[PDB]
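# Report on the structure
Here's the letter readout for the chains.
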Amino acid sequence: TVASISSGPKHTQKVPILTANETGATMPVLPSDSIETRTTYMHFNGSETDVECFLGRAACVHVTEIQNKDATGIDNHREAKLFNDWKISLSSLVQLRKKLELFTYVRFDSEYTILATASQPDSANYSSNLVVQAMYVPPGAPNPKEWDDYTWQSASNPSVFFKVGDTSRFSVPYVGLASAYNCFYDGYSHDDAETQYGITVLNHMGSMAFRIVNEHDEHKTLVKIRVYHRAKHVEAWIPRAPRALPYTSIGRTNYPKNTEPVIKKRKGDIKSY
Amino acid sequence: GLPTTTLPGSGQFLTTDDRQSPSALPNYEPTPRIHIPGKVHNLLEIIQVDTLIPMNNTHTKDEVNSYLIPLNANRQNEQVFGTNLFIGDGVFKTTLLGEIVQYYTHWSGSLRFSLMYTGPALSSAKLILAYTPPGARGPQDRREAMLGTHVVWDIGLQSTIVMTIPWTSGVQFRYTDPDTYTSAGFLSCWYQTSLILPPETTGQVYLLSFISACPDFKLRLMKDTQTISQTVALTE
Amino acid sequence: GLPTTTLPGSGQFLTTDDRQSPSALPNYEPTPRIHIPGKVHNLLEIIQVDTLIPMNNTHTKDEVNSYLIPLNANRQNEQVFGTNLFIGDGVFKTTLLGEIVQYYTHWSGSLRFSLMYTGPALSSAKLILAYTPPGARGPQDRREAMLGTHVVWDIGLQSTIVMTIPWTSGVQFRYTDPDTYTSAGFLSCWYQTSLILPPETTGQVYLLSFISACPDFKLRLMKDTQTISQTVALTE
Amino acid sequence: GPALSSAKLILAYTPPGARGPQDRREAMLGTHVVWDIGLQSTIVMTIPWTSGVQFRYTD
Amino acid sequence: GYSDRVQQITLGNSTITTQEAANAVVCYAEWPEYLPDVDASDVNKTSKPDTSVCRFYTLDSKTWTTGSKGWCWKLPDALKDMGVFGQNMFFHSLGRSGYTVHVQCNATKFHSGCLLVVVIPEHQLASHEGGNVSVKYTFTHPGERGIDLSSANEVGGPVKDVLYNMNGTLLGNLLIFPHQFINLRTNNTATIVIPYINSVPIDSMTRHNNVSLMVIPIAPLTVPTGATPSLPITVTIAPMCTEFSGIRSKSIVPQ
Amino acid sequence: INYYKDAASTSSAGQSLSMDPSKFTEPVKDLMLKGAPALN
Amino acid sequence: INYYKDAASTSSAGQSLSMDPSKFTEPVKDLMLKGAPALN
Ligand SMILES: Cc1cc(CCCCCCCOc2ccc(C3=N[C@@H](C)CO3)cc2)on1
């Protein structure tokens, strides 16, 4: 492939460099339209800019935490982190979010990796070996109330059991209701005067519940869960302007008030180098 | 039972590896795809669309006005604007090109810089745009500027002029992030003759300026952008 | 010894994975199969059999009577019953259809709603059944109702009427569990003319109503049902 | 008008049955042409035959 | 003698002529078309009013003055009240449509000024409150009036800051969306053909707008000496290939 | 070799090697030739 | 590839792709045609 062809002096009536940008086109002008060039080859394919590659590496999408401790006398397991739960989403953390929102609709399979590490902040004789159980609780299915409810039987709901310190990995097909996931949605769930605006109403994916299977030892053990997400088989439509201001909320476009100028001011003139 | 040996790296999680995994939802059938206009396949497809450069960066809070390069009637010989070409920083940095370049470590290729004139139709002007390849200082006067890559632009019916910064380089890749060794030059613009307004007309006229990449362009070695960060996880 | 590397996920137990295992009972011979009528292969086979809907839900303890929709002689213009179409909740919820839908997260397809009349043979009646697609409120009078999907039913020799709620939807799947965005409409029924009883006869007559799914139907993404739970393991 | 002036007009035909339009919004919902005044000096609007009965009296 | 410059668009019973065009944009290089069966889901036969809905509606005019910040209309909202298009809209459960948008602004060879005319698929607005405040319905359904970016923040309304596109992105990059400029010195109209863009084959026309049309002054209007300091901008829009499905009772929407 | 039955479980996809910027860079209705005048 | 000798040790079975609701939806002795009268 040639990156530049050889081109010499020109004295024409045919001027490729004068255009009318009002038309909305970006005319494909090249170095050889306005200087004299020599042949050179590309030596490159643009492999690593493919959208599959761009969205295809694992990104941390969520960090939660649960603890193993005596539940005796706990009136609210959920509240004691005896078993936390997460509202599956892909915008709570922003590195990956800005990347996805370069597109309007996106379609892909997900590969999740879940790393779990334990901490024992206060005096323990040892490090126990805990097994985590993460359940998929899609919307419409009983959601766990205690850390050892009938729910955890999970007879119809996919669940994975792995050890703290290890990693769990599995992959979920594209579960969207439509043909693509909306990265943006300028609508409502119905014509209500006070219903919420945005996509919050659209990515009704449900939540995922984590717990330790082990009963309690004499000390307490903090287990912190990190969920990583990798898109595989990516398809993206309609590019948009990149995110400039900071994010404030999952699912709304809102930016913070009295934010700071995002364009760097010159130290000098327009004329400055 | 077949005998095996495990190598160094067993059990590691590399966020960039690509392997098979069990599906959690065995046998599930995804929604059919329907057709949607606009599919993107490569980021190289989109960095060829031009977008506006806030060249007039001299303000103090972001404003629509930093997209406008002003022009003065009757000045002769003088300089319209100047900038270095660190596409990952400075004026370029918020443009779509600048914004994507920042997802990669290295870039190579030609850039297309165009200026669209917005003055009254009955006015006229001749400007010179000059690209100064690495190695010399930003030009200080047109004489200096005109000895490097340049285009005399004659403002006419055809409203825009497309200047190309041809890839001039020893090393075949430059870093996006400002490197010296790897630096690309300067871009300046001066009156060639001068802007002239028709009667009954007055004041400043402005040029809009765009930047996009030529088909020439290469970007490689993906990394994280300095353009976005956060202090606590967001919630709904 | 062949060199290997283990990946992330090694040692995990995913309740949904499908692999081989050693048999604990090597060489055991299972009892021969004999023929048994009734084999089921797909849950889609059974949700097409219709079952009764406790439409008359207004009681206070479960009774045979909540399966009976009453009809009054001589009323004109008025409304016989109304319900939304959240097949995973409310009247639908205990029906076989409702009961299976609850094992899945998403459903799509047409529903078949039929009414069998049980009044004396010498009586007569004309009813209108109306399906109101998502976007409007439950109809408030027949005029409103008759502008959407409807069937004038003439009570005759042929005892049942089968109304179909054709799949009317933007999005190709709806959640079983009550979602707004995903909601399916309303179903209402009104006197078209009115029920008329023969002489020597009196009181209320009832309609029985059934629900089953058309061959159209799709259910996907299995999950756990809210319809059953427990607090301690059972024993013998 | 002078050559250096410019204008955009809308001409609207309202078929029998409605009143003479009272504002452009009303006018623009019937047969209309946006005319852009340019080099080409004249605009030709056609009142297409809109009618139940195939003849009308002149009177 | 054909120029890129003169054009005629006839759609239904209405025609537009421009003698000073700058080509026309067809979003994503695709022209509006009806919904194919292979892509269909709802089993209902659809209604295609054709020429009674696919004609040109001219919205009320705006006034560009030196202080203007820009205006924003949403589709199909802007047309919610135009003739039979609008009736069909409130009466069917689902509908689908593409449009031809023609923005008009003429001046003289002594004026200067340049507007950006852009179509943004799925333009989800931001609340000026920050945090996770929502933008109420009424605020994103201005109707033919559209939203005036130089109007004041209101409560439950969107933010109207132009350098941020009403969503946290920079004005400068709107050029990645199908768009066309109106530069008084060149141009006097902008025309964009919009194919139907959605993640579902057909949708509700009232709970979801699928494009915002935005007209933004970028190079300020500058009139000749002692000229009146303003110009009107007019927007005319025509639904094209419209289809409605799931007819019934007639939606009632807030406010 | 896929070891698993479902398609979601396969590794990353392989390069589009599609690449056609014209839907984004030249969505004009009447074709523009480089070198010919923009506005005729 | 089965690694094991016994049939119980193989993975899950593969979709019936049988599907015939008529034993449940139309177990009538004399065949009913849709469109013809139910009771003659
Ligand atoms: C055990 C176990 C646990 C699980 C979880 C199953 C995965 C379900 C999650 C489905 C994917 O979720 C989303 C959510 C949001 C988005 C998304 N939001 C927009 C910004 C873009 O994409 C995409 C996928 O499965 N088995």
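Residue indices run from 1 on each chain, following the sequence as it is written; they may not match the entry's numbering, and residues absent from the coordinates are omitted. Numbering of ligands from 1 and lettering of chains from A proceed in the order in which they are written. Shown here is not the whole assembly but part of a larger one, and the values apply to the part shown. Values reported for side chains reflect all heavy atoms of the structure, with hydrogen atoms and water molecules removed beforehand.

As recorded in the entry header, the structure was determined using X-ray crystallography to a resolution of 2.9 Å.

A word on the packing of aromatic side chains. Pairing of aromatic side chains requires ring centres within 6.5 Å, counting the rings of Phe and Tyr and the six-membered ring of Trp. Pairs whose planes differ by under 30 degrees are stacked, by over 60 edge-to-face, and all others tilted. Tallied over the entire structure, the rule returns 21 aromatic pairs over all chains. Three or more aromatic residues joined by ring pairs make a cluster, and in this case those are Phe108(A), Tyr174(A) and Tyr181(A). Only when the NZ atom of a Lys or the CZ atom of an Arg is both within 6 Å of the ring centre and within 35 degrees of the ring normal do we say a charge sits over the ring. In this structure, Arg220(B) is placed above the aromatic ring of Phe173(B), and the distance from its NZ or CZ to the ring centre is 3.5 Å. Its guanidinium or amino end placed over the ring of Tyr181(C), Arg207(E) lies 4.1 Å from that ring's centre, counting from NZ or CZ.

Side-chain atoms within 4.5 Å link the members of a nonpolar core, which is a set of buried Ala, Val, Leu, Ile, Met, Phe, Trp, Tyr and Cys residues. Burial classes: relative accessible area under 20% of the type maximum marks a residue as buried, over 50% as exposed, and values in between as partly exposed (1.4 Å probe, protein chains only). If you look at the biggest cluster of nonpolar residues, it comprises 196 residues, and the most contacted ones within it are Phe81(B), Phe113(B), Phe217(B) and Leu171(E). Working rule for contacts: check all heavy atoms of both residues, and any pair within 4.5 Å makes them a contact. Ignoring any residue separated from it by four or fewer positions in sequence, one finds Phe217(B) in contact with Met42(A), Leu44(B), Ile47(B), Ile87(B), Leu97(B), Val101(B), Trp107(B), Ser108(B), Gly109(B), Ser110(B) and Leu111(B). The next biggest cluster of nonpolar side chains, apart from the first, holds 43 residues, and it includes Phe92(C), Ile155(C), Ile165(C) and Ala184(C).

Turning to empty space enclosed by the protein, a few remarks are in order. Every definition here rests on a 1 Å grid over the protein atoms only: cavities are sets of points where a 1.4 Å probe fits but cannot get out, pockets are open sets enclosed by protein on both sides within 12 Å along at least five of seven lines, and lining residues have some atom within 4 Å of a point. Grid points are joined across faces, edges and corners, and a volume is the space filled by probe spheres set on the points. If you walk through the whole model with that rule in mind, you get 15 cavities of 30 Å³ or more. Forming the boundary of the second largest cavity are 16 residues, of which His35(B), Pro37(B), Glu33(E), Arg96(E) and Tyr196(E) lie nearest the centre. In the lining of the second largest cavity, the residues fall into 10 nonpolar, 2 polar and 4 charged. Under the convention adopted here, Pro, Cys and the residues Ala, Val, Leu, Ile, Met, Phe, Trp and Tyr are nonpolar, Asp, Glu, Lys and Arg are charged, and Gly plus all remaining residues are polar.

Let us now look at the arrangement of the chains. With 13 pairs of chains in contact overall, the greatest share of contacts is found between chains A and B. Separated in space, chain A and chain D share no contact, their closest pair of C-alpha atoms being 19 Å apart.

Let's shift gears to the pairing of strand β6 (residues 104-108) of chain C. Residue and element names in this part refer to chain C. For the purposes of this entry, the term helix denotes a DSSP run of H or I that reaches at least four residues, the term strand denotes a run of E that reaches at least two, and both are numbered from the N terminus. Across the 5 residues of β6, 5 count as buried, placing the element largely inside the fold. In terms of strand pairing, β6 meets strand β14 (residues 218-222) through 4 bridges, oriented antiparallel. Opposite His 106, over in β14, you have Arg 220 as the bridge partner. Any two strands with at least two DSSP-identified bridges between them are counted as paired.

Read from one edge to the other, the open sheet built from 3 strands follows the order β11-β6-β14 (chain C), with strand pairing classed as antiparallel. Strands at the two margins of the open sheet, each flanked by one partner only, are β11 (174-175) and β14 of chain C.

Let's shift gears to helix α1 (residues 83-91) of chain E. Along α1(E), the residues classified as buried are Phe85(E), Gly86(E), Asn88(E), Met89(E) and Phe90(E). Here the buried face of α1(E) lies against β4 (57-58), β7 (92-104) and β13 (230-247) of chain E.

Attention now goes to the site of the ligand. In the neighbourhood of the ligand, 16 residues make up the surrounding shell, with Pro158(A), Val160(A), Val172(A), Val175(A) and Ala24(B) lying closest. Nearness is defined per residue: one heavy atom within 4 Å of the molecule or strand is enough. One chain alone does not account for the residues near the ligand; they come from chains A and B. Where the shell around the ligand is concerned, the elements lending two or more residues are β7 (131-137), β8 (159-163) and β9 (167-172) of chain A.

Residues qualify for a patch when their relative accessible area is over 30% and they have no salt bridge, like charges being joined within 9 Å and the nonpolar side chains of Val, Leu, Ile, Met, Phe, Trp and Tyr within 5 Å. The Shrake-Rupley method, run with a 1.4 Å probe sphere, supplies the accessible areas, and residue values consider only the shown protein chains as cover. We define a salt bridge as a contact between a side-chain nitrogen of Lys or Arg and a carboxyl oxygen of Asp or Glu at a distance within 4 Å. Taken together, the side chains of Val2(A), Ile5(A) and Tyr41(A) present a nonpolar region at the surface, about 290 Å² in accessible area. According to the relative accessible area criterion, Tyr41(A) is partly exposed, its value standing at 49%.

Turning next to the interface of chain A and chain B. Chain A puts 81 residues into the contact, and the matching count from chain B is 99 residues. The interface formed by chain A and chain B includes 6 salt bridges. The closest approach of N and O atoms between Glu236(B) and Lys87(A), which form a salt bridge, is 2.5 Å. Polar contact is the term for a pair of N or O atoms within 3.5 Å; when the atoms are in protein, one must be able to donate a hydrogen and the other to accept it, and sequence-neighboring residues count only if both atoms are side-chain atoms. Summed over the shared surface of chain A and chain B, the result is 46 residue pairs in polar contact.

Consider a sheet: its strands pair through backbone hydrogen bonds, and that pairing is either parallel or antiparallel. All names here are of chain E. Read across the sheet, 5 strands follow the order β9-β6-β12-β8-β10 without closing on themselves; strand pairing throughout is antiparallel. Because the sheet does not close on itself, it has two edges, and the strands there are β9 (147-148) and β10 (179-183). Strand direction decides the pairing type here: strand β6 (residues 71-75) and β9, joined by 2 bridges, are antiparallel. Following the sheet pairing, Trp 71 is matched in β9 by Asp 148.

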